[PDB]
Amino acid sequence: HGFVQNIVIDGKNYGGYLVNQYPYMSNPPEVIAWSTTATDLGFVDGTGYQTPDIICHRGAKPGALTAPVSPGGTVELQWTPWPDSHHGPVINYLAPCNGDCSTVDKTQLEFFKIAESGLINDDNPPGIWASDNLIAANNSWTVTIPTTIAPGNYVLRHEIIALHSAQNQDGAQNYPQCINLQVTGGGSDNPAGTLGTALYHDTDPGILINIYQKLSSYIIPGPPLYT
């Protein structure tokens, strides 16, 4: 359980969607982060993978603001303290807005995977995962925006999937957090994109899985990494 509290880009903080404050406020502030109704700081499980909730989390609506990123620049997402128990991958996707991200229909967004990190080491099951790298980095994740994609406005869909309950059907916990970016530079790729509702299925091999046993491999869920 947790959420993104802050985003660091080009030497300043863009405050996150503080899901334990702003939903209680009813004239809340404009941010680059999408609003959600996930006030339990919880997740979308496999029962919601083919619902709109999977795209940018429960009840999500676009952020009003968009942050510019330098070419091949970094976006650092800072989480609330991530529990060690919530082992799993950290996955990052972009979807083009083809216009102002604040007015996009989230149900039409077509994501391409720009980064993935999974099972890092399994010397002591359940092992050390991307989520443990995030904890070791004091609960932050650095995303590098590719230089090879067409610049424009994009949604960054940044996600932890916790697998501590994933041996049961619909036990995997997805924590997607979306922010609006203005990608800059000289690139031209328009990568093949996947609808939010086709990212994950509740029987995927990296989703329905017992992490407590020795694992020989881990198949990071979602569509193929773009390079």
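Residues carry their position along the shown sequence, with the first being 1. Whichever C-alpha set is largest while still superposing within 1.5 Å between the two forms counts as the rigid core.
Where the structures in 8 other deposited structures of this protein are fitted on the rigid core, 25-33 is the one of 168-176 and 25-33 whose C-alphas sit farther from the shown form on average. Checked against the record, the higher mean CA B factor of 58-66 and 155-163 lies with 58-66. The mean Cα B-factor in the deposited entry runs higher for 70-78 than for the other of 113-121 and 70-78. For the set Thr194, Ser188, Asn180, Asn174, the maximum C-alpha B-factor listed in the entry falls on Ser188. In this entry, the residue among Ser85, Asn92, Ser131, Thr148 with the greatest C-alpha B factor is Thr148.
The deposited CA B-factor of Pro224 belongs to the highest third of values across its chain. The entry lists a Cα temperature factor for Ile209 that places it in the middle third of the chain's modelled residues. Compared with the other modelled residues of the chain, the Cα B-factor recorded for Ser35 ranks in the lowest third. Sort the chain's modelled residues by C-alpha temperature factor and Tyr218 lands in the highest third, per the entry. Residue-level temperature factors show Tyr14 in the lowest third of its chain, judged at the C-alpha atom.
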